[PDB]
file start_27.cif (mmCIF, N, CA and C atoms)
data_structure
#
loop_
_atom_site.label_atom_id
_atom_site.label_comp_id
_atom_site.auth_asym_id
_atom_site.auth_seq_id
_atom_site.Cartn_x
_atom_site.Cartn_y
_atom_site.Cartn_z
N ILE T 1 19.14 -1.63 -18.18
CA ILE T 1 18.65 -0.88 -17.03
C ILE T 1 17.70 0.20 -17.51
N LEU T 2 16.52 0.26 -16.93
CA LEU T 2 15.51 1.23 -17.32
C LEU T 2 14.80 1.81 -16.10
N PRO T 3 14.88 3.12 -15.88
CA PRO T 3 14.11 3.72 -14.79
C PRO T 3 12.62 3.60 -15.04
N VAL T 4 11.86 3.46 -13.96
CA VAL T 4 10.44 3.20 -14.06
C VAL T 4 9.64 4.30 -13.37
N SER T 5 10.20 4.90 -12.32
CA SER T 5 9.43 5.88 -11.56
C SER T 5 10.36 6.84 -10.85
N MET T 6 9.83 8.01 -10.54
CA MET T 6 10.52 9.03 -9.78
C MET T 6 10.12 8.97 -8.32
N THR T 7 10.52 9.96 -7.54
CA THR T 7 10.14 10.06 -6.14
C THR T 7 9.02 11.08 -6.00
N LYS T 8 7.91 10.67 -5.40
CA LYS T 8 6.79 11.58 -5.21
C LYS T 8 7.14 12.67 -4.22
N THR T 9 6.79 13.91 -4.55
CA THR T 9 7.03 15.05 -3.68
C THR T 9 5.76 15.87 -3.57
N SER T 10 5.36 16.19 -2.35
CA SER T 10 4.21 17.03 -2.09
C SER T 10 4.63 18.22 -1.24
N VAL T 11 4.11 19.40 -1.58
CA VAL T 11 4.48 20.64 -0.92
C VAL T 11 3.23 21.38 -0.49
N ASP T 12 3.25 21.91 0.73
CA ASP T 12 2.21 22.80 1.23
C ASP T 12 2.62 24.23 0.89
N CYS T 13 1.90 24.84 -0.05
CA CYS T 13 2.29 26.15 -0.55
C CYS T 13 2.22 27.21 0.54
N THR T 14 1.19 27.16 1.37
CA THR T 14 1.06 28.15 2.43
C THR T 14 2.21 28.06 3.41
N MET T 15 2.59 26.85 3.78
CA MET T 15 3.68 26.68 4.73
C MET T 15 5.02 27.04 4.12
N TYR T 16 5.18 26.83 2.81
CA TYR T 16 6.49 27.01 2.20
C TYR T 16 6.85 28.47 2.10
N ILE T 17 5.92 29.32 1.67
CA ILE T 17 6.25 30.71 1.40
C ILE T 17 5.85 31.62 2.55
N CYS T 18 4.90 31.22 3.37
CA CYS T 18 4.44 31.98 4.53
C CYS T 18 4.65 31.10 5.75
N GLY T 19 5.85 31.16 6.33
CA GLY T 19 6.16 30.37 7.50
C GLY T 19 5.76 31.09 8.77
N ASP T 20 5.02 30.38 9.63
CA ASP T 20 4.64 30.82 10.98
C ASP T 20 4.11 32.25 11.03
N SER T 21 3.56 32.73 9.93
CA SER T 21 3.05 34.10 9.85
C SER T 21 1.62 34.05 9.33
N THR T 22 0.66 34.27 10.23
CA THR T 22 -0.73 34.34 9.81
C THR T 22 -0.98 35.56 8.94
N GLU T 23 -0.29 36.66 9.21
CA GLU T 23 -0.44 37.85 8.38
C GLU T 23 0.03 37.60 6.95
N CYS T 24 1.07 36.79 6.79
CA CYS T 24 1.49 36.40 5.44
C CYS T 24 0.40 35.60 4.75
N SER T 25 -0.24 34.68 5.47
CA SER T 25 -1.34 33.93 4.89
C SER T 25 -2.50 34.83 4.54
N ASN T 26 -2.69 35.90 5.29
CA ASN T 26 -3.74 36.85 4.94
C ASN T 26 -3.44 37.54 3.62
N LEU T 27 -2.18 37.64 3.25
CA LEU T 27 -1.81 38.21 1.96
C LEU T 27 -1.67 37.16 0.87
N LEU T 28 -1.47 35.91 1.23
CA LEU T 28 -1.29 34.86 0.24
C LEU T 28 -2.60 34.54 -0.46
N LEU T 29 -3.68 34.38 0.30
CA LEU T 29 -4.97 34.08 -0.32
C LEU T 29 -5.46 35.22 -1.18
N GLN T 30 -4.91 36.42 -1.00
CA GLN T 30 -5.23 37.52 -1.90
C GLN T 30 -4.69 37.27 -3.29
N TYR T 31 -3.60 36.51 -3.41
CA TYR T 31 -3.02 36.24 -4.72
C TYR T 31 -3.92 35.37 -5.58
N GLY T 32 -4.67 34.45 -4.97
CA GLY T 32 -5.61 33.61 -5.68
C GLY T 32 -5.27 32.14 -5.56
N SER T 33 -5.65 31.38 -6.59
CA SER T 33 -5.44 29.95 -6.62
C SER T 33 -4.11 29.55 -7.23
N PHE T 34 -3.13 30.44 -7.19
CA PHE T 34 -1.81 30.10 -7.71
C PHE T 34 -1.21 28.95 -6.93
N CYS T 35 -1.37 28.95 -5.61
CA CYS T 35 -0.87 27.85 -4.80
C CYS T 35 -1.60 26.56 -5.11
N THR T 36 -2.90 26.63 -5.34
CA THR T 36 -3.67 25.42 -5.61
C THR T 36 -3.24 24.76 -6.90
N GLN T 37 -2.94 25.55 -7.92
CA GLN T 37 -2.53 24.99 -9.20
C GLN T 37 -1.24 24.20 -9.07
N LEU T 38 -0.28 24.72 -8.32
CA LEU T 38 0.97 24.00 -8.13
C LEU T 38 0.75 22.70 -7.37
N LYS T 39 -0.08 22.73 -6.35
CA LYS T 39 -0.36 21.52 -5.59
C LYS T 39 -1.08 20.49 -6.45
N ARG T 40 -2.03 20.91 -7.27
CA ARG T 40 -2.74 19.98 -8.13
C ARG T 40 -1.82 19.37 -9.16
N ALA T 41 -0.90 20.16 -9.70
CA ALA T 41 0.01 19.64 -10.71
C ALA T 41 0.90 18.55 -10.14
N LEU T 42 1.40 18.74 -8.93
CA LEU T 42 2.24 17.71 -8.32
C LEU T 42 1.44 16.48 -7.97
N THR T 43 0.14 16.62 -7.72
CA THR T 43 -0.69 15.46 -7.45
C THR T 43 -0.76 14.54 -8.65
N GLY T 44 -0.88 15.10 -9.84
CA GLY T 44 -0.90 14.27 -11.04
C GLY T 44 0.40 13.52 -11.25
N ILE T 45 1.52 14.15 -10.93
CA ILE T 45 2.80 13.46 -11.04
C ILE T 45 2.86 12.32 -10.05
N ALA T 46 2.41 12.56 -8.82
CA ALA T 46 2.50 11.54 -7.79
C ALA T 46 1.67 10.32 -8.14
N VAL T 47 0.45 10.52 -8.61
CA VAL T 47 -0.39 9.38 -8.95
C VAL T 47 0.08 8.70 -10.22
N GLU T 48 0.86 9.38 -11.04
CA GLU T 48 1.37 8.75 -12.25
C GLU T 48 2.48 7.77 -11.95
N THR W 1 13.65 35.33 32.90
CA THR W 1 14.29 34.31 33.73
C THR W 1 14.96 33.30 32.83
N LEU W 2 16.23 33.00 33.12
CA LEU W 2 16.97 32.04 32.33
C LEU W 2 16.32 30.66 32.42
N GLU W 3 15.72 30.21 31.32
CA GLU W 3 14.98 28.96 31.33
C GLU W 3 14.88 28.45 29.90
N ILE W 4 15.49 27.31 29.63
CA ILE W 4 15.45 26.72 28.30
C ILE W 4 14.14 25.97 28.13
N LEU W 5 13.41 26.29 27.06
CA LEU W 5 12.12 25.67 26.77
C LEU W 5 12.11 25.15 25.35
N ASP W 6 11.52 23.97 25.16
CA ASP W 6 11.39 23.38 23.84
C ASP W 6 10.13 23.88 23.15
N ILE W 7 10.24 24.15 21.86
CA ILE W 7 9.14 24.67 21.06
C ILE W 7 8.72 23.58 20.09
N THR W 8 7.64 22.89 20.40
CA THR W 8 7.09 21.89 19.50
C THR W 8 6.08 22.54 18.57
N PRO W 9 6.27 22.48 17.25
CA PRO W 9 5.33 23.12 16.34
C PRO W 9 3.94 22.51 16.45
N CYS W 10 2.93 23.36 16.32
CA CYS W 10 1.53 22.96 16.40
C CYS W 10 0.76 23.46 15.20
N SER W 11 1.35 23.33 14.01
CA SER W 11 0.72 23.77 12.77
C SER W 11 1.00 22.72 11.70
N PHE W 12 0.07 21.80 11.51
CA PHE W 12 0.17 20.74 10.52
C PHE W 12 -0.86 21.00 9.44
N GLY W 13 -0.44 21.66 8.36
CA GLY W 13 -1.34 22.02 7.28
C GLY W 13 -1.60 20.94 6.27
N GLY W 14 -0.90 19.82 6.36
CA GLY W 14 -1.06 18.73 5.41
C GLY W 14 -1.92 17.62 5.97
N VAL W 15 -3.15 17.50 5.46
CA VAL W 15 -4.10 16.48 5.88
C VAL W 15 -4.68 15.82 4.65
N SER W 16 -4.68 14.50 4.63
CA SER W 16 -5.28 13.72 3.56
C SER W 16 -6.54 13.06 4.07
N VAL W 17 -7.64 13.22 3.34
CA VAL W 17 -8.95 12.73 3.76
C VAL W 17 -9.40 11.66 2.78
N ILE W 18 -9.81 10.51 3.30
CA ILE W 18 -10.32 9.41 2.50
C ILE W 18 -11.83 9.42 2.57
N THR W 19 -12.48 9.54 1.43
CA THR W 19 -13.92 9.57 1.36
C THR W 19 -14.41 8.55 0.36
N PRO W 20 -15.50 7.85 0.65
CA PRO W 20 -16.07 6.93 -0.33
C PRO W 20 -17.04 7.60 -1.27
N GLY W 21 -17.06 8.94 -1.28
CA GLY W 21 -17.98 9.68 -2.13
C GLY W 21 -19.14 10.23 -1.34
N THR W 22 -19.34 11.56 -1.38
CA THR W 22 -20.41 12.17 -0.61
C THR W 22 -21.73 11.47 -0.90
N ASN W 23 -21.97 11.15 -2.17
CA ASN W 23 -23.19 10.46 -2.56
C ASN W 23 -23.27 9.12 -1.84
N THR W 24 -22.18 8.37 -1.84
CA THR W 24 -22.19 7.05 -1.22
C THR W 24 -22.43 7.15 0.28
N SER W 25 -21.66 8.00 0.99
CA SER W 25 -21.78 8.12 2.44
C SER W 25 -21.06 9.37 2.91
N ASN W 26 -21.32 9.75 4.17
CA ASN W 26 -20.65 10.92 4.72
C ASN W 26 -19.42 10.51 5.52
N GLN W 27 -19.40 9.27 6.02
CA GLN W 27 -18.29 8.76 6.82
C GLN W 27 -16.97 9.07 6.10
N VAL W 28 -15.95 9.52 6.84
CA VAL W 28 -14.66 9.84 6.25
C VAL W 28 -13.55 9.35 7.17
N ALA W 29 -12.37 9.03 6.60
CA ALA W 29 -11.22 8.62 7.39
C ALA W 29 -10.07 9.59 7.14
N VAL W 30 -9.36 10.02 8.18
CA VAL W 30 -8.31 11.03 8.02
C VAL W 30 -6.93 10.40 8.09
N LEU W 31 -6.00 10.85 7.24
CA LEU W 31 -4.63 10.35 7.25
C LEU W 31 -3.67 11.52 7.43
N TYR W 32 -2.77 11.39 8.39
CA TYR W 32 -1.71 12.37 8.63
C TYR W 32 -0.39 11.79 8.14
N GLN W 33 0.35 12.57 7.37
CA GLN W 33 1.53 12.07 6.70
C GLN W 33 2.75 12.19 7.61
N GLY W 34 3.40 11.06 7.84
CA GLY W 34 4.66 11.05 8.57
C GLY W 34 4.60 11.52 10.00
N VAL W 35 3.55 11.15 10.72
CA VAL W 35 3.39 11.52 12.12
C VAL W 35 3.01 10.29 12.93
N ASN W 36 3.49 10.25 14.16
CA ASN W 36 3.06 9.25 15.13
C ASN W 36 1.58 9.44 15.43
N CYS W 37 1.00 8.46 16.09
CA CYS W 37 -0.38 8.58 16.53
C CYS W 37 -0.52 9.25 17.89
N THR W 38 0.59 9.54 18.56
CA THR W 38 0.55 10.23 19.83
C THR W 38 0.73 11.73 19.67
N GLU W 39 1.46 12.16 18.66
CA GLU W 39 1.67 13.58 18.41
C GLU W 39 0.54 14.22 17.63
N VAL W 40 -0.44 13.44 17.18
CA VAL W 40 -1.55 14.03 16.43
C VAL W 40 -2.30 15.08 17.24
N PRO W 41 -2.69 14.84 18.49
CA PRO W 41 -3.34 15.92 19.24
C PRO W 41 -2.49 17.16 19.40
N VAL W 42 -1.19 16.99 19.59
CA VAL W 42 -0.30 18.13 19.73
C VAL W 42 -0.12 18.84 18.40
N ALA W 43 0.03 18.08 17.32
CA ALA W 43 0.34 18.68 16.03
C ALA W 43 -0.79 19.57 15.53
N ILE W 44 -2.04 19.11 15.67
CA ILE W 44 -3.19 19.85 15.16
C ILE W 44 -3.91 20.61 16.27
N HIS W 45 -3.33 20.65 17.47
CA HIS W 45 -3.91 21.31 18.64
C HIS W 45 -5.40 21.04 18.75
N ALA W 46 -5.73 19.76 18.92
CA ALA W 46 -7.12 19.33 18.99
C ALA W 46 -7.85 19.94 20.17
N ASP W 47 -7.13 20.41 21.19
CA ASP W 47 -7.78 21.06 22.31
C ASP W 47 -8.49 22.33 21.87
N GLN W 48 -7.87 23.10 20.99
CA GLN W 48 -8.48 24.32 20.48
C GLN W 48 -9.36 24.07 19.26
#
call {"tool": "encode", "arguments": {"input": "start_27.cif", "output": "structure tokens"}}
result
Amino acid sequence: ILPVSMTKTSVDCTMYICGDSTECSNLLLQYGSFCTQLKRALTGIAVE
Amino acid sequence: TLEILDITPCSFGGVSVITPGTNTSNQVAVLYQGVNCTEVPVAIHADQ
């Protein structure tokens, strides 16, 4: 028995940490591309 | 006034776009993850 693949998971960073709050999103983009890096990293796992 | 109302979310931040390459063409196809084709106008509030 040999595992071949995991389960792909994708997360929306803005929705995860700033729920239903536009003011939170106004502060999130101030942090920078930290959210983008996490999303891009999971994309490579998913396509792998 | 005592009145029970359902709250359907209208914030779908996850959109996947299929492009054949800007150089090749501008035509694009949009994919929504895990949604019916009837709730798309409600989910992304296409009216606004």
call {"tool": "resolve_selection", "arguments": {"input": "start_27.cif", "expression": "the PyMOL selection byres ((chain W and resi 9) around 7)", "output": "PDB file with N, CA and C atoms, in the coordinates of the input"}}
result
ATOM      1  N   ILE W   7      10.240  24.150  21.860  1.00  0.00           N
ATOM      2  CA  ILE W   7       9.140  24.670  21.060  1.00  0.00           C
ATOM      3  C   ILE W   7       8.720  23.580  20.090  1.00  0.00           C
ATOM      4  N   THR W   8       7.640  22.890  20.400  1.00  0.00           N
ATOM      5  CA  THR W   8       7.090  21.890  19.500  1.00  0.00           C
ATOM      6  C   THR W   8       6.080  22.540  18.570  1.00  0.00           C
ATOM      7  N   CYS W  10       2.930  23.360  16.320  1.00  0.00           N
ATOM      8  CA  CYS W  10       1.530  22.960  16.400  1.00  0.00           C
ATOM      9  C   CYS W  10       0.760  23.460  15.200  1.00  0.00           C
ATOM     10  N   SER W  11       1.350  23.330  14.010  1.00  0.00           N
ATOM     11  CA  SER W  11       0.720  23.770  12.770  1.00  0.00           C
ATOM     12  C   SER W  11       1.000  22.720  11.700  1.00  0.00           C
ATOM     13  N   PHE W  12       0.070  21.800  11.510  1.00  0.00           N
ATOM     14  CA  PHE W  12       0.170  20.740  10.520  1.00  0.00           C
ATOM     15  C   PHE W  12      -0.860  21.000   9.440  1.00  0.00           C
ATOM     16  N   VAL W  42      -1.190  16.990  19.590  1.00  0.00           N
ATOM     17  CA  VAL W  42      -0.300  18.130  19.730  1.00  0.00           C
ATOM     18  C   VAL W  42      -0.120  18.840  18.400  1.00  0.00           C
ATOM     19  N   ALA W  43       0.030  18.080  17.320  1.00  0.00           N
ATOM     20  CA  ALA W  43       0.340  18.680  16.030  1.00  0.00           C
ATOM     21  C   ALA W  43      -0.790  19.570  15.530  1.00  0.00           C
ATOM     22  N   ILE W  44      -2.040  19.110  15.670  1.00  0.00           N
ATOM     23  CA  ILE W  44      -3.190  19.850  15.160  1.00  0.00           C
ATOM     24  C   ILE W  44      -3.910  20.610  16.270  1.00  0.00           C
TER      25      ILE W  44
END
call {"tool": "select_by_dssp", "arguments": {"input": "start_27.cif", "residues": "chain W", "states": "helix (DSSP H, G or I)", "output": "MDAnalysis selection string"}}
result
chainID W and resid 40:43
call {"tool": "closest_residue", "arguments": {"input": "start_27.cif", "among": "T:38, T:18, T:24, T:11", "to": "chain W", "atoms": "all atoms listed in the file"}}
result
T:11
call {"tool": "atom_distance", "arguments": {"input": "start_27.cif", "atom1": "atom CA of residue T:46", "atom2": "atom CA of residue T:9"}}
result
7.1 Å
call {"tool": "atom_distance", "arguments": {"input": "start_27.cif", "atom1": "atom C of residue T:39", "atom2": "atom CA of residue W:13"}}
result
13.8 Å
call {"tool": "atom_distance", "arguments": {"input": "start_27.cif", "atom1": "atom CA of residue T:47", "atom2": "atom CA of residue W:26"}}
result
24.5 Å
call {"tool": "select_by_dssp", "arguments": {"input": "start_27.cif", "residues": "chain W", "states": "strand (DSSP E)", "output": "ChimeraX atom specification"}}
result
/W:15-18,29-32
call {"tool": "resolve_selection", "arguments": {"input": "start_27.cif", "expression": "the PyMOL selection byres ((chain T and name CA) within 9 of (chain W and name CA))", "output": "PyMOL selection string"}}
result
chain T and resi 11-12+14-15+20
call {"tool": "axis_aligned_box", "arguments": {"input": "start_27.cif", "around": "stretch 10-27 of chain T", "padding_each_side": "3 Å", "output": "AutoDock Vina command-line options"}}
result
--center_x 1.6 --center_y 27.2 --center_z 4.3 --size_x 16.6 --size_y 28.0 --size_z 19.4
call {"tool": "residues_near_point", "arguments": {"input": "start_27.cif", "point": "(0.8, 8.4, 8.1)", "cutoff": "7 Å", "atoms": "only N, CA and C atoms", "output": "list in words"}}
result
residues 31, 32, 33, 34, 35 and 36 of chain W
call {"tool": "closest_residue", "arguments": {"input": "start_27.cif", "among": "T:40, T:34, T:28, T:48", "to": "residue T:5", "atoms": "all atoms listed in the file"}}
result
T:48
